[PDB]
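What follows is one structure encoded as structure tokens, with my remarks underneath.
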Amino acid sequence: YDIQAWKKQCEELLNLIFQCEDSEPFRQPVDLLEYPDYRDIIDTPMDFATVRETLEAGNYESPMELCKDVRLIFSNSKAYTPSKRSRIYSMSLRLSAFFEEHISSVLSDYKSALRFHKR
Ligand SMILES: Cc1cc(Cn2nc(C)ccc2=O)on1
């Protein structure tokens with residue numbers, strides 16, 4: 001029932017994501033010089049360095065907020081892909097499965113801890 005435990009758990013999961021080869025296209029903001037129409041398709045760019053920085057700055061109140069930003073990385077990849085068979089989009093689907101597999105217990109533990117706090 002540790003209300004704060006999610007933060008270190010998210011730091012560790014981000015470290016695992018950074019060591020994954022599938023995260024390479026998502027580690028830094030999408031290069032607007034290489035994809036000049038990116039902002040015509042994507043309203044809110046997101047990447048894993050921005051997520052890690054937001055977490056380290058103490059600018060996430062809960063793992064749900066972190067999860068919303070990570071999911072935005074994947075939805076942006078899906079929205080920008082010209083094909084569901086593209087390399088970057090295919091990497092995003094594997095990385096998303098890995099993320100969802102690991103974030104589930106973090107969210108469950110946090111919500112359980114908060115319910116215990118308000119019992
Ligand atoms: C994340 C992310 C990276 C890209 C942009 N992109 N990158 C390459 C190498 C080829 C096609 C292409 O669309 O789009 N979202």
Side-chain angles (χ1 to χ4, degrees), residues 1-7 9-119:
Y1 307 126
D2 182 338
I3 296 163
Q4 283 94 48
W6 65 277
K7 185 167 177 185
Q9 288 163 359
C10 286
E11 290 168 352
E12 292 168 351
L13 178 51
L14 286 168
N15 287 342
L16 290 176
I17 289 165
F18 271 88
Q19 77 178 226
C20 283
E21 290 180 4
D22 284 337
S23 71
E24 210 276 336
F26 313 104
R27 290 171 195 169
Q28 300 293 326
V30 169
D31 191 330
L32 308 168
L33 277 165
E34 300 174 332
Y35 321 97
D37 63 341
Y38 193 74
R39 297 299 314 276
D40 301 338
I41 317 297
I42 303 305
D43 286 330
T44 311
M46 192 48 60
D47 65 276
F48 288 107
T50 296
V51 171
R52 179 180 264 164
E53 284 159 3
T54 303
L55 185 64
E56 290 12 288
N59 290 356
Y60 283 130
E61 189 179 5
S62 71
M64 291 86 73
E65 294 180 348
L66 179 143
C67 189
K68 180 173 161 183
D69 283 350
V70 172
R71 287 168 174 176
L72 178 60
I73 299 170
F74 305 132
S75 60
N76 285 346
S77 178
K78 189 173 187 175
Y80 189 70
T81 198
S83 168
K84 283 183 171 179
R85 300 179 56 207
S86 297
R87 182 75 198 276
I88 294 179
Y89 175 65
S90 300
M91 289 165 86
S92 86
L93 295 178
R94 293 192 294 264
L95 198 66
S96 174
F98 178 80
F99 175 76
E100 295 296 332
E101 177 175 293
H102 289 79
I103 209 62
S104 50
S105 58
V106 177
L107 293 167
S108 292
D109 286 2
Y110 175 79
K111 299 180 179 183
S112 159
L114 218 53
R115 285 192 295 267
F116 188 78
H117 189 72
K118 307 175 202 310
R119 76 201 183 275

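Just so you know, residue 1 is the first one in the sequence shown, and it goes up from there.
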Would you say [X]'s side chain and [Y]'s backbone share a donor-acceptor pair under 3.5 angstrom?
X	Y	value
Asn76	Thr44	yes
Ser92	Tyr89	yes
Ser77	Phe74	no
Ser108	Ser104	yes

What distance do [X] atom [atom1] and [Y] atom [atom2] have between them, rounded to the nearest 0.5 Å?
X	Y	atom1	atom2	answer
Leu93	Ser86	CG	OG	10.5 Å
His117	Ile3	NE2	CD1	4.5 Å
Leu14	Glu11	CG	CD	8.0 Å
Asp43	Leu72	CG	CG	9.5 Å
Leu107	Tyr110	CG	OH	10.5 Å
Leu55	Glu53	CG	CD	11.0 Å

Non-hydrogen atoms of [X] and [Y] that approach each other most closely:
X	Y	value
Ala79	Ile41	O-CG2, 3.7 Å
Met91	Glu21	CE-O, 3.7 Å
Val106	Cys10	CG1-SG, 4.0 Å

Quick check on the hydrophobic clustering: are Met46 and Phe48 connected, directly or via other members, by side-chain heavy-atom contacts under 4.5 Å?
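Yes: a chain of side-chain contacts under 4.5 Å links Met46 to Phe48.
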
Path from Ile88 to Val51 over hydrophobic side-chain contacts below 4.5 Å
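Same hydrophobic cluster.
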
Do [X] and [Y] come within less than 4.5 Å of each other through their side chains, counting heavy atoms only?
X	Y	value
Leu95	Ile17	yes
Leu114	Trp6	no
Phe98	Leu13	yes

How would you list all residue pairs meeting salt bridge (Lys or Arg N to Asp or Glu O under 4.0 Å) that involve residues 99-119, not counting sequence neighbours?
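Those involving residues 99-119 are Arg71-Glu100.
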
Name all pairs fulfilling the salt bridge (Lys or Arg N to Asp or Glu O under 4.0 Å) condition that reach into residues 81-96, sequence neighbours left out, sorted by first residue then second.
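Residue pairs with at least one partner in residues 81-96: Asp22-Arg94.
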
Check step by step if side-chain contact (heavy atoms from CB on, under 4.5 Å) holds for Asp31 and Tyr38.
CA-CA 9 Å; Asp31 191 330; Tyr38 193 74; over 6 Å; no

Taking atom types as modelled and ignoring hydrogens, do the side chains of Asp37 and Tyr80 form a donor-acceptor contact shorter than 3.5 angstrom?
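Yes - a donor-acceptor pair under 3.5 Å links their side chains.
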
Is the number of heavy atoms from other residues, nucleotides or ligands within 6.0 Å of OH (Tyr1) greater than 12?
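Counting neighbours around OH of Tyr1, 12 or fewer heavy atoms of other residues, nucleotides or ligands fall under 6.0 Å, so no.
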
For residues 63-70, please give each side-chain donor-acceptor pair under 3.5 Å, one per line with the distance, not counting sequence neighbours.
from: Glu65; atom 1: OE1; to: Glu61; atom 2: N; distance (Å): 2.8
from: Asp69; atom 1: OD2; to: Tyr60; atom 2: OH; distance (Å): 2.6

